[PDB]
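Just one chain follows, in the form solved without ligand ADP, and it is written as structure tokens.
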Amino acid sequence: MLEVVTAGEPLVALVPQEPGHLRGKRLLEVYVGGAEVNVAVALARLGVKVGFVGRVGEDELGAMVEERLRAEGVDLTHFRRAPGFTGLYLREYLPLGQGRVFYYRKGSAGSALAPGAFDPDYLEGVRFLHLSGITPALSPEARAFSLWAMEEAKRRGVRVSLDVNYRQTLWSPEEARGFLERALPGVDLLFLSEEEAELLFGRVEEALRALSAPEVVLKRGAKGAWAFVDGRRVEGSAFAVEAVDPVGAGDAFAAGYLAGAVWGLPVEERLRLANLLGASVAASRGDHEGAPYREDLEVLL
């Protein structure tokens, strides 16, 4: 039976082979991305039974997303290609660290996701229901899907895990705050960035007051991160590793935390695991390339 269920819109990533302006590249690398897609893959590689709910288009790029989700062993009971196109995006990372991203996903098959996008009995028996703030920001339907989804998960006695992921492209801090204001009641585990808390609440403190979920994980760059359970406040191991491709590192972190949770580990081990996946992904090119496999944690253990 499923331990984790994540949902969202998968994307195909087009990245250059090295630093530099995208305008000067003549070759691009292809990867499968998407916040929840990255989390599903990372969990799946760790031995966690995960299911992914979503849609891709009936095109070559959608077929690519599906092969990857299937090769990795994700459950696609409610994942399928459907009329429409698969969204993609282009990334470029500049010499001195100032990167930029371009989207071609507006109106894609996967951006659809409306309430009822799958069968709620799927969630039955599942430990977690992970979502990302990107999804509800895609369209009104998705914003509705999100709420419906976590509500149907609560109704199933399933913990809701949410990764804020404030995408300024999708919506303004106001709408973001709005959704959160409405969604927060049902979140059990909330993943937040210091910059997000600060960009949506003024300071990394106010935010910690407002968004008071049973468990909050505040990621703070290379300065470890703090996990807030039982009013207590555990700090995480900072990392002195330099970023190869920092895209997807936050997704990996979230996945490592969930894996630890799903495996009933103390908050310290959950944090140690979170940035262990986060660091691995940050250390590799691609969105979730670098995510460690079960057998790997075992050996380093």
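Shifts are known only where both forms have a C-alpha. Rigid core: the largest C-alpha set superposing within 1.5 Å between the two forms. In case it trips you up, residue 1 is the first one in the sequence shown, and so on.
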property: Comparing 73 to 81 with 90 to 98, the one whose average Cα B-factor in the PDB entry is higher; result: 90 to 98
property: Stretch exceeding the other in mean C-alpha B-factor - 265 to 273, 228 to 236; result: 228 to 236
property: Residue, from 152, 188, 163, 119, that the PDB entry assigns the highest Cα B-factor; result: 119
property: From 192, 109, 134, 180, residue of greatest CA B-factor; result: 180
property: Relative C-alpha B-factor of residue 203, binned into the chain's lowest, middle or highest third; result: highest
property: Third of the chain, ranked by Cα B-factor, where residue 242 sits; result: highest
property: Third of the chain's Cα B-factor distribution that residue 143 belongs to, per the entry; result: highest
property: Chain thirds of CA B-factor: placement of residue 103; result: lowest
property: Among modelled residues of the same chain, the CA temperature factor third for residue 219; result: middle
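The same protein also exists as the form deposited with ligand ADP bound; that form is not shown, yet it is the one meant from here on.
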query	finding
Interface residue in the bound PDB entry among 265, 241, 63, 30, criterion: non-hydrogen atom within 4.5 angstroms of ligand ADP	241
The single option of 115, 107, 157, 221 touching ligand ADP in the bound PDB entry, heavy atom within 4.5 Å	221
Candidate stretches 41 to 49, 22 to 30, 249 to 257, 54 to 62, one within 4.5 Å of ligand ADP in the bound PDB entry by heavy atom	249 to 257
Site check 136, 172 and 200: each within 4.5 Å of ligand ADP in the bound PDB entry by heavy atom	no
Ligand ADP contact in the bound PDB entry: residue 129, any heavy atom under 4.5 Å	no
Residue 142 within 4.5 Å of ligand ADP in the bound PDB entry, heavy atoms	no
Partner contact for residue 123 in the bound PDB entry: ligand ADP, 4.5 angstroms, heavy atom	no
Contact of residue 225 with ligand ADP in the bound PDB entry (heavy atom, 4.5 Å)	yes
Those residues of 250 to 283 which, in the bound PDB entry, come within 4.5 Å of ligand ADP by heavy atom	250, 253, 275, 278, 279, 282
Entry of 30, 238, 265, 243 that shows, once the rigid core is matched between this form and the one not shown, a C-alpha shift of 2 Å or more	238
Once both forms are overlaid on the core, stretches between this form and the one not shown of 3 or more residues with C-alpha shifts of 2 Å or more	238 to 240, 298 to 301
